[PDB]
Structure formats: C-alpha cells, structure tokens
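*Asks:* begin with these chain(s), straight out of the complex:
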Amino acid sequence: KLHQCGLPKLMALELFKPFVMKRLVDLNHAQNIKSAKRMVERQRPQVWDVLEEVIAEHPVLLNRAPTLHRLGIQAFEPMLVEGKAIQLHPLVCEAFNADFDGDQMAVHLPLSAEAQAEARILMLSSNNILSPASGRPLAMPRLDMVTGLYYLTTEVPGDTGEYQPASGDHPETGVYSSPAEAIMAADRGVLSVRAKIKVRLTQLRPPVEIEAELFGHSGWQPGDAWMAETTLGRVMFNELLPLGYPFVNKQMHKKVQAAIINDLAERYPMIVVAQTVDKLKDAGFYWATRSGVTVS
Amino acid sequence: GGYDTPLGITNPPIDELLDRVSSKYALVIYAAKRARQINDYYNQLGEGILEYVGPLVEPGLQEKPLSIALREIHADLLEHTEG
C-alpha cells in the first residue's frame, strides 16, 4: 500500500537491533542483554518472530539523493520482506525521481516519541500526496498504470456484444441488468470489455445532468436504480472511485486522471484519496498486462 | 464518513484527528507528550503511582505507546492548552 514499504530482513535486524534485543529479553529467550546481542548477531531462529513485533507501526524515513525537493524524504511503515533490495511502492517514484536502473535509497530511523509522531503524522506518504509547488498530485498513476486505465476505459466501435436497437426479427441484445451479469457475460466470450452497452446501475452516482433529470434534487444512490449507455470498462473503473463521486464516463487520458484526483483531493479527506489512488494503481497494472502493448 | 477501514500506521485517520486540534504541529506535540506520559506510566508503575496516568483506552496485546496516544486523541479522551 502507499504507506507501507519493503525492508530486507538482513537490514531491519541491524537497524532495530536494540529494540529486538530488549524485546527478546522480555520474552525470556535470553538470560540477559549480552546473550540477546550474540543471539541477534547470529540470527537465531526466533529473532525474526520478535522482529515482526518490534517493527509493526514504527516509521522508517526513506530518503533518496539528491533530495531535490521536500518529498525526497518520506516516512513509511516498514514491512519485512525477503531478498536484499528495499521494495519501494511504485507511486512514489515520481516524487523521488527514482527509476529502477539501480538507484539506492537510505533508510533512517526516528527514535524519540516526537520523531515517530512526526513521521506518522507529517511525513507519511499517504498524507503527502499533493505536490508543494502547484498542488497537482504526485501519487497520480503514471506510466504503465495510465496505459492500463486507458485501455480499460477506451471505447471500440464495432466490438463484440454492442448495444444495437435493431428490432423486427430480434430484440436489442445490449441491455444488462447488473454489472455482475455484465462481468459474467465478459468471462464468457460474449461481451468485450470495451463495447457500448446499457447497464442498470444501483451503486454508482450518475452525472449531474442525469441526476437532475431522474431525481431532480436528492437522488441518494445506495438504493436508487438508473440506466446508462456506457462501456463495461468505465463501470469497472468508476467502482474504484468512492460512492459520493459522480459517474465519469470518459476516456482516461492522463490529464483526465490528474483532474479527477485533484478534485477528489480538494473535496474529500486524505485517507479516501490514498485508498482510491491505491485502487487505481491495482486496476491499472491488472489491465495494463492485458492491453497487449508490445513493440515489434 | 465512508471509507475503507484503515490498516496499520494509518489508524486512526489523520483527517478525523485534525478536527480536534488547530494545526498538525499541535497534533504532533500533543501525541508525543501523551506518549511520553504513557511510557513513563509503564516504567514508573514499578514504583508508586506518580502523575503519569496511562492508557485511558484499553491497549492491544503489544502496542506502541504512541499508537495508544493517537488513538485516544481520536476518541476525545484528552485535552490540551497551547502556548
């Protein structure tokens, strides 16, 4: 998640070494401190189990060099991962200006109560989403994720399973009672993800014009039902955004996503922004794999 | 208030914390001084009851004192006065 980060075990056993020492003295695995130091230094089987306990909910500032601007230092909750390479969340690469051609980062460790409060409150990644300069988001899904979301929300005329109102011989064969039925018809090879269809939504807020048309003033969505001619991809995309946010129904160019996240950060609390950005990241990667963007 | 449940270093949500105090700097010092009170409560508990009254809310199995501090700040168990 945006707040978490990786931390190689062979590097969290030699940063927190005092904490793990105290903890596995308190649990009666060592007679005293010296035994704990030797045991930890020899990576004895039960040091790791204590290490998870001393790590949980304890920030670790992850700095990059050059620290060009204010977001060069950010505080992440460590998550013990194997290997020997710090696993960094991909949505802070824009702030750190960190490609993965072999960049290195420095993990620091706040100690005092004030310092860990500072990290947990001020410098935690989820809170510092927006940039200091112009207020545009820097956790915006970039590069690969944007291609995924584009391919997810783009619309292909003449695709498999469109809505055509042709009649006389057979009905429209475009309506779908629910996005659940639409997903089932997509798993079967009937519906393409990018065909124009008419779904009947009950958990998504229609755009302003349709809300003022069908409900006028106070259409509350969790119960109300309304039809829409959209693609399945856009329904699946707007399921990522929160409930209060209206339906979008566009083609997710990078600027459109910038505007969406800017609005969603200007009007909603920060935790909602962080969770929505994480969901967009997940969907973007999953549908970037399927987009078939190759070079030959 | 609709959002997915916070997990880990983001519980309680900071936006619900900020409504209790003026600015986030006050929130930081507020949480930190309470956390020092709580840590002292644990340590001073060895001796007689001092001016350190610790977790007003029930803590977890093994929970860091600062998380206890912030969780009480959210639940409105503490008050503060600025300089």
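*Replies:* Great, that's in hand. Residues are numbered from 1 along each chain as shown, chains lettered A, B, ... in the order given.

*Asks:* give me every residue in the stretch 151-296 of chain A lying close to chain B.
*Replies:* Applying CB under 8 Å from any CB of the partner chain, we find that the stretch 151-296 of chain A lies next to chain B at A:242-244, A:269-272, A:274-275. C-beta coordinates here come from the backbone N, C-alpha and C atoms, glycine included.

*Asks:* buried subset of those?
*Replies:* A:242, A:270-272, A:274-275 (16 or more other CB atoms under 10 Å in any protein chain shown).

*Asks:* show me what counts as buried in the host helix or strand of residue A:183.
*Replies:* Assigned by DSSP states H and E, residue A:183 belongs to helix A:179-187. Buried residues in helix A:179-187, defined by neighbour count with 16+ other CB under 10 Å: A:179, A:182-183, A:185-186.

*Asks:* what does chain B put close to chain A?
*Replies:* Near chain A, when you scan chain B using CB under 8 Å from any CB, you find B:2-4, B:6-10, B:13-17, B:24, B:27-29, B:31-33, B:35-36, B:39, B:62-67, B:69-70.

*Asks:* let's go with 7 Å and repeat that
*Replies:* B:2-4, B:6, B:8-10, B:13-15, B:24, B:27-28, B:31-32, B:35-36, B:62, B:64, B:66-67 (CB under 7 Å from any CB of the partner chain).

*Asks:* all strands of the stretch 101-250 of chain A, in order?
*Replies:* A:105-107, A:175-176, A:196-201, A:226-231 (DSSP state E, counting those that start in this stretch).

*Asks:* redo these as a markdown table? Include mean neighbour count.
*Replies:* A markdown table is the format used below for these (neighbours: other CB atoms under 10 Å in any protein chain shown):
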| stretch | mean neighbour count |
| --- | --- |
| strand A:105-107 | 14 |
| strand A:175-176 | 18 |
| strand A:196-201 | 19 |
| strand A:226-231 | 18 |
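
*Asks:* what's the closest of these to residue A:52?
*Replies:* strand A:105-107 (17.0 Å; CB to CB).

*Asks:* starting from the closest one, tell me which strands it pairs with and how they run.
*Replies:* With DSSP bridges as the test, strand A:105-107 is paired with strand A:60-64 (antiparallel).

*Asks:* which element follows the partner strand toward the C-terminus?
*Replies:* Following strand A:60-64 in sequence order, the next helix or strand is strand A:73-81 (DSSP H and E).

*Asks:* that following strand near chain B anywhere?
*Replies:* Yes - residues of strand A:73-81 contacting chain B under CB under 7 Å from any CB: residue A:77.

*Asks:* who are the packing partners of that strand?
*Replies:* On a contact count with 3 or more CB pairs under 7 Å, 6 or more residues apart in numbering or on different chains; DSSP states H and E, strand A:73-81 meets strand A:4-8, helix A:9-12, helix A:47-55, strand A:60-64.

*Asks:* now the sequence for chain C, which goes on the structure above:
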Amino acid sequence: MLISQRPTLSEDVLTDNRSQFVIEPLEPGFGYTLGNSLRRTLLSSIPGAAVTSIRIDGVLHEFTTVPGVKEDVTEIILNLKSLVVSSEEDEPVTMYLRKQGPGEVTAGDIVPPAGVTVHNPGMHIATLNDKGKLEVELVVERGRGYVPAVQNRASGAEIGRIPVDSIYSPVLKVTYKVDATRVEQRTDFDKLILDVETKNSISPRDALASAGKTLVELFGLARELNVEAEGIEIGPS
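*Replies:* The block that follows adds chain C to the chains above:
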C-alpha cells in the same frame, strides 16, 4: 510429504449474503493455483434455475413498449432477468404472472406450479395504469453457469416467445487476491482472500462447499489414475 503447515478456512460475514473467506497459510505459490480454480467453480459449477424466455400478450413486433403499462419492454425483461427462482423439475416448466387493474406488480404476483419457488416475492417488477391487464408467461428451467440469450432454434413455433439471457449461478460476484504472510520464520508462504457475493438462494458457505465438492471430483479422478501416489498430504491437526 507433510504440508508442514495446515491451511485453515475462516470467513468474515459482511452482509446476510456476502462473505470474505481467508485460507492461510497456503504453501508457495498454491494461492493462485487454487484461487482461480475456485473462482471458476463458484461461477460455473453450482446448479440453479433461471428464466430462459418469456412471452407476452399485446406485443407482437412493437418490442419497444407494452400497451396498458408504464414501463417499456426491455425494462420488464431486465427486471425479470434478476429473479431468483429454485426448481427441481429438469424439463422447462412454465409459470404465469397475470393481473388486471392499475397498481404495482411484484414478484409475489406470479403463481408457481409444483416444485418451483421464488425467494424474493417482495420485489418490484412493473407498474400498470388505467385498468390495464398484464399477462406474461415465463419459461423456467435449471442450468449451470451463465448462458447467453440463446438464439431461438425454432423460427416461429412460439411467435410470442422472445429469449433472454439466463444467469443461473446463485453466486453473483467472486473476486480474490493473495498476500505474503510470515516471510521470515516460514519462508514467504501465501494467504488467499476471497470475496463472494451471492443472491438470497443459498449462503456463501454452502456455495463454497459445493464448489469444493465439484472440484474434489475431477482431481479425485486424477488420483484414481494411480491411487498409490505420493503428494503433499496435509497432516490432520
């Protein structure tokens, strides 16, 4: 050999019918091996009944709207499409819904024959105005998974009968993911998380149970191939 860690299914109940199962710790990387198979089994292996086709009086080729009512044809169709119904008689049985006078027709108006049943009679389906009489015939059979709108094999044997899609499966939406629980003492096992959402025909617990049964079948045939075979046998504990 010994699994070395016995997986354990535990569910979080969210709504009356919406469940979140967790199956930890699956050895690496069996999470996906069984997650995707379980997803497909849930969606396409539980028998159930649904509406195959309907026919309606007063409409022959004006498939836009029905006279005497308010709602148009396709709205009636995709209201009927989301109709939970259980059956035992394998042959397509017919059901009749019919009412005169203005008012709101629900799911309880329909009169079922022996064996078939409706699990949400308090469902809105349509509205009638000005002494209209609606009379629609449903063709309900039982099936598996999801079938498209089956094109009418006959041309005009039933001129009024128009086909519809049929969502048979009692489960509606199943999604899943994996995690990386306990990398160090355990060497990075996995944890499968499901999210199953069914209609009010069966509980998600029974859905998962039936999926487990059907999935046991085939791999059990594979085992019968050579009963004397050695694999990762979970140690009863």
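
*Asks:* same question on the buried residues of helix A:179-187, but with chain C included?
*Replies:* When neighbours are counted by 16+ other CB under 10 Å, the buried residues of helix A:179-187 are found to be A:179-186.

*Asks:* so whichever residue of chain B sits closest to chain C: helix, strand or coil?
*Replies:* With CB to the nearest CB, the shortest gap between chain B and chain C falls at residue B:5, namely 11.4 Å. Three-state call for residue B:5 (DSSP: H, G, I helix; E, B strand; the rest coil): coil.

*Asks:* I'd like to know how many residues surround it.
*Replies:* 8 (other CB atoms under 10 Å in any protein chain shown).

*Asks:* ok, for it, nearest residue in space, not its chain neighbours?
*Replies:* Leaving out its chain neighbours, the residue that sits closest to residue B:5 by CB to CB, 6 or more residues apart in numbering or on different chains is residue B:11, at 7.8 Å.

*Asks:* residues in a beta bridge with the closest residue in space to residue C:204 that isn't next to it in sequence, which ones?
*Replies:* Among residues not flanking residue C:204 along the chain, residue C:19 sits closest, at 3.6 Å (CB to CB, 6+ apart). Beta bridges link residue C:19 to residue C:13, residue C:196 when assigned by DSSP bridges.

*Asks:* ok, residue C:19 touching residue C:11?
*Replies:* Yes - in this structure residue C:19 lies within contact range of residue C:11 using CB atoms under 7 Å: 5.1 Å.

*Asks:* re the thing from before, closest one of the buried residues of helix A:179-187 to chain B?
*Replies:* residue A:179 (19.4 Å).

*Asks:* could you check how far the closest one is from residue A:231?
*Replies:* Per CB to CB, to the nearest Å, residue A:179 is found 11 Å from residue A:231.

*Asks:* same check on residue C:228?
*Replies:* Taking CB to CB, one finds residue C:228 at 53 Å from residue A:231.

*Asks:* same deal with residue C:213?
*Replies:* 37 Å.

*Asks:* now the residue positioned nearest the centre of chain B: which helix or strand?
*Replies:* In chain B, the C-alpha closest to the average C-alpha coordinate belongs to residue B:69, at a distance of 1.3 Å (CA atoms, centre = their mean). In this assignment (DSSP H and E), residue B:69 forms part of helix B:65-75.

*Asks:* can you check residue C:153 too?
*Replies:* Taking DSSP H and E as the definition, one finds residue C:153 inside no helix or strand.

*Asks:* list the residues that contact it.
*Replies:* By CB atoms under 7 Å, 6 or more residues apart in numbering or on different chains, residue C:153 lies in contact with nothing.

*Asks:* do you know how far it is from chain A?
*Replies:* 13 Å (CB to the nearest CB, to the nearest Å).

*Asks:* residue farthest from the centroid of chain A?
*Replies:* Quick read of chain A (CA atoms, centre = their mean): farthest out is residue A:168, 47.7 Å.

*Asks:* include this sequence as chain D:
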Amino acid sequence: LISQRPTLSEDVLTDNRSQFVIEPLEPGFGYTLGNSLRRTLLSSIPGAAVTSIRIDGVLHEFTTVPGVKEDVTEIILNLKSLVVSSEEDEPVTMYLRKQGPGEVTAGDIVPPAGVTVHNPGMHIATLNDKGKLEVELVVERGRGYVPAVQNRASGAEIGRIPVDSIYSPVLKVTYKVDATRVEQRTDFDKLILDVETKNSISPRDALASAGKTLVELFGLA
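*Replies:* With chain D now in place:
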C-alpha cells in the same frame, strides 16, 4: 443440464511424455484446470536428486581433481543433470570409482539398493592415464528446489561439497482447449494437457500425485 460428468483419458505419445484429455468440462473451465494440473505437476511432484557429493581428493568445490579434465565445479554441473529415482525416504549414498583412461559415464555409478540411475550415459567427466575419481553422492527425497544445505548448519566434515537439489520429475507441461461452444448452447470444453517427465517417473504417476495434492487442498474447503 450436463448429464455427463467430466472424464479423463490417457493418450501416450512416447514413454517419457504423454497427453491426457479431460472432457467434457464446463464452459470456460478448461484453461483453469489445465493450469491447475500444470502448476501442480511442475511444482510439487515428489522426486529424488543428489544432495551432496564427497569427491575423495578435493576438499572444497572450487578446485580441480588430478587427472580429470573437468574442474570440480563442472563435475557438479554435470551431476546436477542426473536423474535418479529413490524408493527409501532417508539419505542413501551411491558410489562411483572410475580409474585410469576413459570417460566417467554416470552408468559407472554403483547404486545402493532402492535407487536407480535412469540416464546411464551422462558424461560426468573424462579421465586420462593419471585419472582417478572416487565420488560418493548422497540421494534424498523431496519436492521443489532446496538451496544447498550449509555445511555448518548440517553436520558435515570439510570433505562434504553441498550441491543444490531439484526434486521434480516433470520437465515440460502444456495445456490447450478445443471448446466447440456452438450457438445451440450445447457448449463444452475438451482439455488436452501434455505432460513430459524426465524419465524419473511416468507422466501418469505425476498426474496422479497432482490429483492427490489438489484433492486434499480442495477438501480443506
């Protein structure tokens, strides 16, 4: 409703590799099942492979044996392509004592009772007139890739040369479907898996162990 429950049919193409057809599977289920049996076969078929060698002359892996043309590490790599099937589930030591001029074919390994060397003519090394090679391989049962056990963690003298083991009889597996899925909706999937084992075991036995493992893990649910 489909009244034919899925059935399996063996179809041998060679002794080592073989195709298995499962039909009639529910529509949109073949790919997943082919993948299940593949991810099982290719990962968790119990097998047996050498674990540690103890060449008489040398003391560490990074060196040479007087007479052999292949430095010790090349002998390690050549041996790691051996395919031995063991019946006992405890370490069993096999020996090899080639002498003088000639190639040390793995067919010269004298196997202990309960194991057998399947690929005879493997070229472990070549020996000149001064050639003398006396290796003592250790076989052991298991699954997957186990990194070379540390000579410190395990009780071992300096002579022991730890060797990575790869306990998996399977070599290559593919799946494909021939779903008809006609307009009449009488749709079905016809899975055609193709297993290829490394002659340690047969594809049938591999698929059967696959069935056992997956049946257990799905009976859990």
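
*Asks:* please re-evaluate the contacts of residue C:153 in the presence of chain D.
*Replies:* Contacts for residue C:153 were tallied using CB under 7 Å, 6+ apart; they are residue D:184.

*Asks:* now it. Its backbone dihedrals?
*Replies:* With angles defined as degrees, to the nearest 10, residue C:153 sits at phi -60, psi -40.

*Asks:* what do you get for residue A:203?
*Replies:* Taking degrees, to the nearest 10, you get phi -130, psi 20 for the backbone angles of residue A:203.

*Asks:* which residue packs closest to the residue farthest from the centre of chain A, ignoring adjacent ones?
*Replies:* Leaving aside its sequence neighbours, residue A:168 sits nearest to residue C:61 (CB to CB, 6+ apart; 6.2 Å).

*Asks:* what's the neighbour count on the one you found?
*Replies:* Look at residue C:61: counted by other CB under 10 Å, it has 9 neighbours.

*Asks:* how close does it get to chain D?
*Replies:* Residue C:61 sits 23 Å away from chain D, going by CB to the nearest CB.

*Asks:* try residue B:44
*Replies:* 45 Å.

*Asks:* is it true that that residue touches residue B:51?
*Replies:* No - Residue B:44 is beyond contact range of residue B:51, at 8.8 Å (criterion: CB under 7 Å).

*Asks:* neighbour count winner among the two?
*Replies:* Set residue B:44 next to residue B:51 and count neighbours by other CB under 10 Å: residue B:44 wins out with 15 against 8.

*Asks:* can you give me phi and psi for the residue nearest to the more buried one when sequence neighbours are not counted?
*Replies:* Nearest non-adjacent residue to residue B:44, counting by CB to CB, 6+ apart: residue B:50, 4.6 Å away. The phi/psi pair for residue B:50 (degrees, to the nearest 10) reads phi -90, psi -170.

*Asks:* got the domain boundaries for chain C?
*Replies:* C:1-47+C:169-237, C:48-168 (CATH domains of a matching chain).

*Asks:* possible to save those domains as TSV with distance to residue A:292?
*Replies:* As requested, these are exported to TSV (distance: least, CB to CB, whole Å):
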stretch	distance to residue A:292
domain C:1-47+C:169-237	20
domain C:48-168	25
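
*Asks:* regarding chain C, what is its longest strand?
*Replies:* In chain C, taking DSSP state E as the definition, the longest strand is strand C:133-143.

*Asks:* for residue C:81, see how far away the closest residue to residue A:147 other than its chain neighbours is.
*Replies:* Distances taken as CB to CB, 6+ apart place residue A:288 nearest to residue A:147, at 5.2 Å, with adjacent residues excluded. Residue A:288 sits 33 Å away from residue C:81, going by CB to CB.

*Asks:* again with residue A:293
*Replies:* Shown here: residue A:293 relative to residue C:81, a distance of 36 Å by CB to CB.

*Asks:* ok so, going back, burial-wise, tell me which of the domains of chain C comes out on top.
*Replies:* With neighbours taken as mean count of other CB atoms under 10 Å in any protein chain shown, these reach their highest mean count in domain C:1-47+C:169-237, at a mean of 18.
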